[PDB]
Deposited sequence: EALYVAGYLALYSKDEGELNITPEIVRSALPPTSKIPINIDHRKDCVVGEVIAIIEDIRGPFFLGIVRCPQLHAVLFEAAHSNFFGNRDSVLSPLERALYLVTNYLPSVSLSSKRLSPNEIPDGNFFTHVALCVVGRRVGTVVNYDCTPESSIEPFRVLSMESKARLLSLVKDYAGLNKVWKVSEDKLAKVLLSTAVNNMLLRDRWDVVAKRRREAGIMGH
């Protein structure tokens, strides 16, 4: 049971100086030579999946990745209180409960560009402007909610995914250190204000209008 995450690594111009990503960079950068990994908090020792594809959208780089780490769901599930999820969920959610936890805890993605890329980080909110992400249990669903992303683009990713063999690979990290990296994203974000409002607008910017 995996999770697919899809979102824009950066919006052309909008993200601002330094952080700014541009076409001369994108096009040069892809197709990326080294299979780009997805870790949490930029922790090299805490990788939990891998970007299976990145294209270049009229608006910016758009990616799809796979997060298949059995431990990532176990430690979170443990963390949630006996009543996160009512009985209205008992009678309906299975692994969608993992997905519910991971989406709200780690809503954004951070592209640690090397220049071109290195690794994609999962976090509360990123330095960039459209970095909110969507997670689901099928590639076509992670990308299904981006209202602006062309069907022509959505299509292209979905195919690249079909090539992608290794959609079995299970990333194993260790609960003890996983609970520390995940505790580290909380501590290092406790002071941020209008957390959900920030994520509210980054969401609208990405085209995740869905509703």
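Non-modelled portions of the deposited polymer sequence, in sequence order: No C-alpha coordinates exist for 117-126, and that is the only such stretch.
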